[PDB]
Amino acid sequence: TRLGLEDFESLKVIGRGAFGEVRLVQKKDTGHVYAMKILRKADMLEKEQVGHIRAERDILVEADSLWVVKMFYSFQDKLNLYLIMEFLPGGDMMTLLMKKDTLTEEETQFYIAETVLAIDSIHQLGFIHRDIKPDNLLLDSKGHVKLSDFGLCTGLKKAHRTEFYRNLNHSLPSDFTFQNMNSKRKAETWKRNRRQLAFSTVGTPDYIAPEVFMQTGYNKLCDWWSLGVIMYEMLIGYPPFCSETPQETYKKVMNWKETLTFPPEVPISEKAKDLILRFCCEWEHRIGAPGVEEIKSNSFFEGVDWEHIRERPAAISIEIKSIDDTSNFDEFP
């Protein structure tokens, strides 16, 4: 009665995470195509926590947001967790940035605006996405944004945990060589190491708001900090605080007042710079604190409708030629 692995045929691996993989699959009796996310139980939190997260996830499924990938089934065996969801053939934003290097301000405006709406919708339903970054942003067949399935793997990467930095002081970094590289060279290093970073079970705090590592605690506004980091990366080519090691990156994040700068040779608008600085400041004055409308009325979103954006042409046309077209994903061996 309940569906299991045998009811599906794996067609191709289309994504890899630190703690599992995502496959394109075909439901045998129907021929319909789906994405199947597989997570290894041995990498997961304890069974009780996993069960409570899956239970609360069905609230999100029930709400059926435009802005979250549609999830149809979930099952498990002794090894793995499985989630069957709609296949979104536009690929993820990390891979898109890999192919384009940077986006125009108009392209950026579009993706950020849709992501503002996506993040706000999960916040309205009581969820904090504590891992906003380009590999966790998907594009559907019309090029519009959806959040991939989230919640189970939050904070599991070693470098995403406070404990990882225990005896490391918050003093300024020391990678003076790296720091004095031109922007183009920073961008190249970031790109060269990007995929490995996504698959790493260690990772970095490049996208994590500073208060997340503070004893003081944090709130839903941490997501807006992450979005700001993504916005900077879309325009400049790498997130503001990237380094050769997660330790330096952490030091750069904690010292954002000194380390968050725009390279002199890179073209970026005054509006874009201002918004990035409103996203990436201390949470008490961070844009969005009194409500999402403060974000939406930012001068950088000047042309944005915000009622009809998801119902109008997307910034970039997804070029696919079949419903099982995997050309917007990397190959996996």
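One rule holds for the numbers: they count along the sequence shown, beginning at 1.
The mean C-alpha temperature factor is higher for 300-308 when 300-308 and 263-271 are set side by side. For the segment pair 198-206 and 167-175, the entry gives 167-175 the higher mean B-factor, averaged over Cα atoms. Across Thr216, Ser74, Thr108, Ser226, the greatest Cα temperature factor reported in the deposited entry is at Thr216. Taking the deposited Cα B-factors for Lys47, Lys37, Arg57, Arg278, the highest one is held by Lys47. Per-chain ranking of the deposited C-alpha B factor places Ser327 in the highest third.
In this PDB entry, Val25 carries a Cα temperature factor that places it within the middle third of its chain's modelled residues. Residue-level temperature factors show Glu258 in the highest third of its chain, judged at the C-alpha atom. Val13 sits in the middle third of its chain by CA B factor, as recorded in the PDB entry. The deposited CA B-factor of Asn193 belongs to the lowest third of values across its chain.
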